[PDB]
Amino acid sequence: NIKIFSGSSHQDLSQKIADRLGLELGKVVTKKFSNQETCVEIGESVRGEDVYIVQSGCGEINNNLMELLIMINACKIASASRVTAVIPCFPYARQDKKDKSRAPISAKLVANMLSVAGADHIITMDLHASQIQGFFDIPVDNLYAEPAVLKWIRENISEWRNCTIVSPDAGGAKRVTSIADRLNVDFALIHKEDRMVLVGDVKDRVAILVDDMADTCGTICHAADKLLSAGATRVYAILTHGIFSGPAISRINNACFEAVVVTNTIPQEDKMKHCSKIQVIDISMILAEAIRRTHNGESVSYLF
């Protein structure tokens, strides 16, 4: 009744999930034609099944999105009973408002595409902005890495009881004050005027940079400089979505991060070989549980 399928190539997360549920991943013939078109073939009947498609990480977002959309649609027209898109890192999430510009709200576009492709339900982790749930008319379960991160901080930072949770930018304020509050420690915020300004106290205390995602890590790496200058004992960076593209990985080594922690919502095994300070929090149990619970009509909020 429950069927789990994976996006192209990136199967490690999807395999971890299927394992925890006692299932094998569904058969699918996924490829790319010589001329770049996404080719998909669901290799088994999904008629009347509860289907979960777990998003791939070939690091080509548009190919990954089209592949997801094609699979949702194939399952829908093959009379699956229900189709859930499981999308740990939601594409174009950062493009969720116009911001004074004549820009697309791409995240709303993506929501509409998933909807028209035929998704009945979304499962995702740490949406860039919670309002993104408002982009759908179908139910969205938005899981949080927060509890997994708190656990890690307490269990890996000896001075965590007097540390400071720092936001790389102005927008990240709500996220850090939530974490700092849970830990009962100080928070501080960085703003790029360029010159970086710091408000709050970091002097003679462990500083933990917390952000939802880091791409090129330009901001996260400058942030670490400023924090050192301001007398931070040691600096950590915690990101739930480790995109780490471009100069990201080199800047990280070239920076003073005692460590950089991410979840495996994006595949990290390649980069970990090229970056010693990276540690991954496995989130496959959270996702498996959300699927199992979604499937059984059981409470998901429990994982929040």
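Residue positions are given as counts along the sequence shown, with the first one as 1.
Trainee: Going by the PDB record, how many residues of the deposited sequence fall between residue 193 and residue 194 without any coordinates: none, 1 to 3, 4 to 9, or 10 or more?
Mentor: Some 4 to 9 residues are missing between them.
Trainee: If you take the mean CA temperature factor per stretch, which one wins between 239 to 247 and 48 to 56?
Mentor: The recorded data point to 239 to 247.
Trainee: Which has higher Cα B-factors on average according to the PDB entry: 216 to 224 or 112 to 120?
Mentor: The stretch with the larger mean CA B-factor is 216 to 224.
Trainee: Which one, 139, 104, 88, 231, has the peak C-alpha temperature factor per the PDB entry?
Mentor: That would be 231, according to the entry.
Trainee: Of the options 81, 158, 73, 178, which has the highest CA B factor as deposited?
Mentor: Answer for 81, 158, 73, 178: 158, with the highest C-alpha B-factor.
Trainee: With respect to C-alpha B-factor, does residue 17 fall in the lowest, middle or highest third of the chain as deposited?
Mentor: It belongs to the lowest third of the chain when residues are ordered by C-alpha B-factor.
Trainee: Select lowest, middle or highest to describe the third in which the CA B-factor of residue 265 falls within its chain in this entry.
Mentor: Within its chain, residue 265 is a middle-third residue by C-alpha B-factor, going by the deposited values.
Trainee: Of the three thirds of its chain by CA temperature factor, lowest, middle or highest, which one includes residue 94?
Mentor: Ranked within chain, residue 94 CA B lands in the lowest tercile.
Trainee: What third of its chain, lowest, middle or highest, does the C-alpha temperature factor of residue 254 fall into?
Mentor: It falls in the top third of the chain.
Trainee: What third of the chain does residue 280 rank in for C-alpha temperature factor, lowest, middle or highest?
Mentor: For residue 280, whose C-alpha B-factor we compare with every modelled residue in the chain, the answer is the highest third.
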